[PDB]
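Taken together, the values in this text are just the output of simple stated rules run on the coordinates, not laboratory data. For neighbour counting, all protein chains shown are included, and Cβ atoms are generated from backbone atoms with ideal geometry for every residue, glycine included.
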């Protein structure tokens, strides 16, 4: 028995993943190789994180990483969970460590999982809009995320998806008129602000 | 009028499609 | 439904998203055409050599 | 058998370019003036262009060394050379031969001409000068484009986005259709006919320079023993051979479009459009032609149709080429990739 | 197995024996529109009957 | 289903088809408006024994054969009117 | 329709022990699970269809043989 | 309407180099 | 069970001819 | 595109085959991919290999009709023990992106130019720096040296083509002037990934004589340049034979 200082074997592992990621045309091939390894349920979290960090080295978003994720999820759910977790990780804890660039890769990058339902949608709700606690980082992150997801769904299908979403921490109808100024105003800032209507009515209603 | 460097930067911007007609020198 | 053509080296196909009728995420051989004004992806373009 | 054009065609073509240009309100290029404010620059460019061939080389053959000499001195004595040139254009009409060698592609072959270094230096200067003055005065319109601003794949891109983001093509509500053409101009240069040129250049450039060109083509051409005067076609290896070529294709284009539709695409001289633009959607819809784009040879066209017009065409064509066989789908050709 | 250019999974592989299969007309008979995919048709069928 | 590989050989095929109907009793054969022929048989092996005796004995011509299909049928489970095409009936 | 390869699949998978015979005497029939007409049906294109519409499929095929 | 606008208003030779084939060929390859 | 996926033969094709199922795309 | 990937695999195998027969051998055990892929420094050919991959093979028959989507892979090239190798395509950003990034970057630059005008100041080079490499004309160009000259160059594309006609050798990138266009791609990272992916410096050298020159210390070795003989001998009248 040892008090363990370093994981070096696990940095070995970290390599082999990143490597398999950097061979491979396409994206649906990387999916294969990974799934060929038969990674244990322990690490099917960390593997995911590795991927995303590579995505952030990468100078810009790329369809590759997205189609990799998707074709990995539809193989099994344990990957599904692994992702949703990592969304919690990034957004809540780990945004603090990212520069205003890499949010450009993320915002979209989750945009493609969430438009096409691999996420699924409502796992967003965990995200909150308050001057109370939100990082101007996180502000930007979400900002992008919509300016991507919009550019697929086109603000109408999104009208549906929201209207069935019941996102609250994001959208209270029931209180914080102030935070409704902050919300709705902030979606005039993003610029979309055409799914903010009913809340605008509410602003008019409280008074 | 623009000067040799100045014509060049504007030209690159136009090349991107950035410049609307408004800003050309003439 | 398709429209085709070729320029310089590229063999392009174009599908307007209407008559796709079944839409999917595609890997990177696919450009997405965006309405100038509205900002949507109304067609996928495919490429080959 | 004599020249092919016939005078008839000739006159129609010439008049075309004329109404175009008047309409386009175009000032022709002047002879390069002795007192020139930019001049040394332009000469810097051309000479670097020749220099670059030899940057890499480690062994220089005879003709080469001859060249590098002529260059290096041309850097040294800019006023000397510029005077030498302006002389040459004003006068010399007869030229040394030219040399063909074919290069292999393991599939096709291509000719590679070679001019003679003095003649080169002049050319390159004049090439450079032309493109400068032309693009300065906006001779060539939007739609002629192996152009500056766009590397080729980017051209592809903007071409799709053009196709799409123009209004309405995707509504098949009725019988509505839209059609692309992809073409070549076949032999294009190899039918360029000088006496017609020398006129068409009298339009756009001082009668001197023009003369220097047209006379610049007729040469002997020596491959080993075989040698022959070039009486008829166009030699592409000439440093300025680009320019002409584009020019001449414009003439082809003003046909394929016909005056008006071109005047859609260019808009006024005062407000030439970018690549794909117009004024109102109607300006698109005043005609079936929406995009027209021409890259060296290949022509690319996009037609927007409704059952009315479209079926009136297929009325014409069918009327003259009836097939109760219904076999017009035999030789017809589309991609084997897809 | 040879003569058809097939491979029993554990089997010896050989050369085509009738190499040019690539010639084909574009012809409606066996097309997809008009066929039912219900059971895949593995090789061993093709070697069995 | 069946079709002869080269269209110009259609007759030879027919001259054999009639043969087969005789020699193998259980089989049942058909044409359509298509010009396709249809071969209805007991079982897979049975179709094999045919198609071999079709190719290598009676007709000699190679042919194109469909994927194994089957028959189907039409039943039902529960104002009502009808008409002629020239309204006399 | 499902019996296509069947007899081999058996005869292989059991390593020589086993045998099979198929036949039709009682001339039984059965409804095919689909809804015999659907404009909203799903057709897979190269996959075995979903059983929620099998019949719609078979109709719109055989009809595409005749016309 | 529109179609009027434009400016244009309505065997075996024993030899080789004069053949139709050969001139196709040389019109491809040597280019 | 060579099902039509794969090659006529790896004699000229420089590969080993190995073919494996793709884990990714199933549904 | 299937057939192109096919040609890649072939071609590259063919080249390696050249160096191989260059000795006498096709034997695979003699030439582990270290030999061909270690960067020049470590004493390999440094050839940049994007053959490897795995090549989508699905059921040609229908793929003459539907576009059946990838169901299988066929091993492109091989190894003996595997490791893997990174491939170029993965280090080069695709066009769509770069057009998009260009779009934004040049928007930003539109604004910052409007400010630096309004404030009558001259640019920070930092305000611009993060975007230095982004953009299709590649912001860097704005600040390139000889711009006052290059304003008067026109029609460089055409020339870059018609060079086809006017001279013998290619210059395989015709489609760009690094002066006008900036520079459209970088690699280096490749070197590093190939170095380690081969098992790191310490294994790579296990293949060499590097423990036979008695140096215990590695990185201090530059190789040397066999520059001298060619200048001395090449020019002198050596027999053609």
Can you work out which of the residues in the stretch D:239-256 that are more than 11 Å from the chain's Cα centre (by Cα) and farther than 18 Å from residue D:29 by Cβ is surrounded by the most Cβ atoms within 10 Å (Cβ to Cβ)?
-> D:254
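Per-residue answers, yes or no, for (1) away from chain E (no Cβ under 12 Å); (2) surrounded by 14 or more Cβ atoms within 10 Å (Cβ to Cβ); (3) assigned to a helix (DSSP H, G or I):
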{"site": "G:4", "(1), (2), (3)": "no, yes, no"}
{"site": "G:31", "(1), (2), (3)": "yes, no, no"}
{"site": "G:38", "(1), (2), (3)": "yes, yes, no"}
{"site": "G:49", "(1), (2), (3)": "no, yes, no"}
{"site": "G:60", "(1), (2), (3)": "no, yes, yes"}
Failed criterion for residue C:46 (all others in (1) more than 7 Å from every other protein chain (Cβ to nearest Cβ); (2) touching a strand residue (DSSP E or B) at 6+ places or on another chain (Cβ under 6 Å); (3) surrounded by fewer than 16 Cβ atoms within 10 Å (Cβ to Cβ) hold) = (3)
Residue D:228 versus (1) in contact with a strand residue (DSSP E or B) (Cβ under 8 Å, 6 or more places away or on another chain); (2) loosely packed, with under 15 Cβ neighbours inside 10 Å; (3) assigned to a loop (DSSP other than H, G, I, E, B): which is the lone unmet condition?
-> (3)
Among D:126, D:155, D:82, the single one that is part of a helix (DSSP H, G or I) and either farther than 27 Å from residue D:213 by Cβ or within 11 Å of another protein chain (Cβ to nearest Cβ) (or both) is D:155
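Of the residues A:95, A:105, A:73, A:67, which single one is buried (at least 17 other Cβ atoms within 10 Å of the Cβ), within 14 Å of chain I (Cβ to nearest Cβ) and either within 28 Å of residue A:169 (Cβ to Cβ) or under 13 Å from the mean Cα position of the chain (by Cα) (or both)? Can you show your working first?
Details: A:95 fails: within 14 Å of chain I (Cβ to nearest Cβ); A:105 fails: within 14 Å of chain I (Cβ to nearest Cβ); A:67 fails: either within 28 Å of residue A:169 (Cβ to Cβ) or under 13 Å from the mean Cα position of the chain (by Cα) (or both).
Only one candidate passes the filter, namely A:73.
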Across the stretch D:134-152, the tally of residues that are surrounded by fewer than 19 Cβ atoms within 10 Å (Cβ to Cβ) and part of a helix (DSSP H, G or I) stands at 4
Taking the stretch F:54-70, which residues are farther than 21 Å from residue E:45 by Cβ and either within 14 Å of another protein chain (Cβ to nearest Cβ) or outside any loop (DSSP other than H, G, I, E, B) (or both)?
-> F:57, F:58
Would you please name the residue that is surrounded by the most Cβ atoms within 10 Å (Cβ to Cβ), looking only at residues in the stretch J:138-166 that are in contact with a helix residue (DSSP H, G or I) (Cβ under 6 Å, 6 or more places away or on another chain) and closer than 30 Å to residue D:104 by Cβ?
-> J:162
Just to be sure, is residue D:215 surrounded by 15 or more Cβ atoms within 10 Å (Cβ to Cβ), part of a helix (DSSP H, G or I) and more than 18 Å from the chain's Cα centre (by Cα)?
-> yes
Of the residues in the stretch C:1-25, those that are touching a helix residue (DSSP H, G or I) at 6+ places or on another chain (Cβ under 7 Å) and at the interface with chain A (Cβ under 9 Å from one of its Cβ atoms) number 2
In the stretch D:1-42, anything more than 23 Å from the chain's Cα centre (by Cα) and surrounded by 12 or more Cβ atoms within 10 Å (Cβ to Cβ) is listed as D:36, D:38, D:39, D:40, D:41
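Quick check, is residue J:101 over 30 Å from residue A:75 (Cβ atoms), facing chain A (nearest Cβ under 10 Å) and assigned to a loop (DSSP other than H, G, I, E, B)? First the steps, then the outcome.
Working: over 30 Å from residue A:75 (Cβ atoms): yes; facing chain A (nearest Cβ under 10 Å): yes; assigned to a loop (DSSP other than H, G, I, E, B): no.
No.
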Among the residues of the stretch F:18-43, write down those that are farther than 20 Å from residue G:66 by Cα, out of contact with any helix residue (DSSP H, G or I) (no Cβ under 7 Å at 6 or more places or on another chain) and not in a loop (DSSP other than H, G, I, E, B).
-> F:18, F:21, F:22, F:23
Of the residues J:135, J:76, which single one is away from chain B (no Cβ under 14 Å), surrounded by 14 or more Cβ atoms within 10 Å (Cβ to Cβ), touching a helix residue (DSSP H, G or I) at 6+ places or on another chain (Cβ under 8 Å) and under 30 Å from residue C:25 (Cα atoms)?
-> J:76
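Does residue J:27 fit the bill of being assigned to a loop (DSSP other than H, G, I, E, B) and more than 10 Å from chain I (Cβ to nearest Cβ)?
On the way: assigned to a loop (DSSP other than H, G, I, E, B): yes; more than 10 Å from chain I (Cβ to nearest Cβ): yes.
Answer is yes for this residue.
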Those residues of the stretch G:17-33 which are farther than 20 Å from residue G:6 by Cα and under 15 Å from the mean Cα position of the chain (by Cα) amount to G:31, G:33
Would you say residue D:100 is over 29 Å from residue D:221 (Cβ atoms), surrounded by 14 or more Cβ atoms within 10 Å (Cβ to Cβ) and within 23 Å of the chain's Cα centre (by Cα)?
-> no
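Scan the stretch J:189-238 for residues that are on the phi > 0 side of the Ramachandran plot and within 14 Å of chain A (Cβ to nearest Cβ) and jot them down. Break it down into steps so the answer makes sense when it comes.
Let us first name the residues in the stretch J:189-238 that are on the phi > 0 side of the Ramachandran plot, namely J:199-200, J:214, J:223.
Within the stretch J:189-238, J:199, J:200 qualify.
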Does residue F:51 qualify as being assigned to a helix (DSSP H, G or I), within 14 Å of the chain's Cα centre (by Cα) and under 25 Å from residue E:32 (Cα atoms)?
-> yes
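Can you tell me which of F:78, F:85, F:18 is more than 10 Å from every other protein chain (Cβ to nearest Cβ), farther than 26 Å from residue E:46 by Cβ and surrounded by 10 or more Cβ atoms within 10 Å (Cβ to Cβ)? Spell out how you get there, then give the answer.
Values: F:78 fails: surrounded by 10 or more Cβ atoms within 10 Å (Cβ to Cβ); F:85 fails: surrounded by 10 or more Cβ atoms within 10 Å (Cβ to Cβ).
Just one listed residue meets the conditions, F:18.
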Which of the residues that make up the stretch I:14-27 are over 14 Å from residue J:73 (Cβ atoms) and more than 14 Å from chain A (Cβ to nearest Cβ)?
-> I:14
Give the stretch J:79-98 a look and list any residue that's under 22 Å from residue C:29 (Cα atoms) and more than 7 Å from every other protein chain (Cβ to nearest Cβ), or say none.
-> J:88, J:91, J:92, J:98
